[PDB]
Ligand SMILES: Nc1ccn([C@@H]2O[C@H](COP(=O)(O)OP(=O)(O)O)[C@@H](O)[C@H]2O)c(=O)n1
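First, one chain by itself in C-alpha cells, the form deposited without cytidine-5'-diphosphate (CDP).
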C-alpha cells in the first residue's frame, strides 16, 4: 500500500500573488509545508504540483520534488488527477500549499483510516467549532453519521439550531486522502447542482454516491489567506521554534 503526498501550489492569487513563496521565519511557505509532509510516517514520496516555473524553481532550490501541471485545471482535484497518471501510488493525499501549520500526526490519522478500511474511497478531516464560527459561510460545516461518514457539507449552518443547546458543529479541514481508483474515474463525474450552488467541489463525489469518511482532530492552526492571519502565523511559527524542554 504505497501512499504519496501531493501539494498543489499555484502562484497566481488575487489577494496574495505568489502566496507559496512568501517568507515565514526565513523559508518560503511552500517549504514549510514540504518539510512537514516529510515527517508523516508511512509516506514514500512527497510531490509539489504546480503550474508556474517560479514555484517549480523555488521547490527545486530546496531540493523538493516538483511536477509541472496544466494551467487550465479548474480545481486542485483536477491537478491531482494529472499527477496520478505519472506518479504511481495506491493512496494519494492532498495537502494545501497554503497551510504551513499542518500537524504531521493529523495526516497520519487520515492515512491510518484509509489503511484500516480497504473499502474506503475518500477520507478527510474536521474539528469542533462554536456556533458563532459556524455562522460564517466562509467556513464549511459537515454533519456525520455513527460511522463518521459525511452526510453533507455546507456553507449554511448545519445542523439547524432549532434546539440550540443540542447543536454541535464540525468544521471541515480541507485535506483529503483518495484511493487511486477514485481519481481514475474522477474526470468522468458530472458537476452536481449542490456543488455548483455551494461552490464546494467535494459535493461532486457525494452526488455520485462516493463515501467520504471524516476523522475528527483538534482545532487546527490558522491558514494563510489574509495578511492579518499571516502575521499571526509568522508569530505563531516563530513562538514555536524557541519552545522546547
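Residue numbers count along the first chain shown, from 1.
We do not show the form solved in complex with cytidine-5'-diphosphate (CDP), though everything after this point is about it.
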Option from 127 to 135, 110 to 118, 93 to 101, 144 to 152 whose residues, in the bound PDB entry, bring a heavy atom within 4.5 Å of cytidine-5'-diphosphate (CDP) = 93 to 101
Check whether residue 159 has any heavy atom within 4.5 Å of a heavy atom of cytidine-5'-diphosphate (CDP) in the bound PDB entry, and answer yes or no.
-> no
Is residue 10 close enough to cytidine-5'-diphosphate (CDP) in the bound PDB entry to count, meaning some heavy atom within 4.5 Å?
-> yes
cytidine-5'-diphosphate (CDP) contact in the bound PDB entry: residue 74, any heavy atom under 4.5 Å = yes
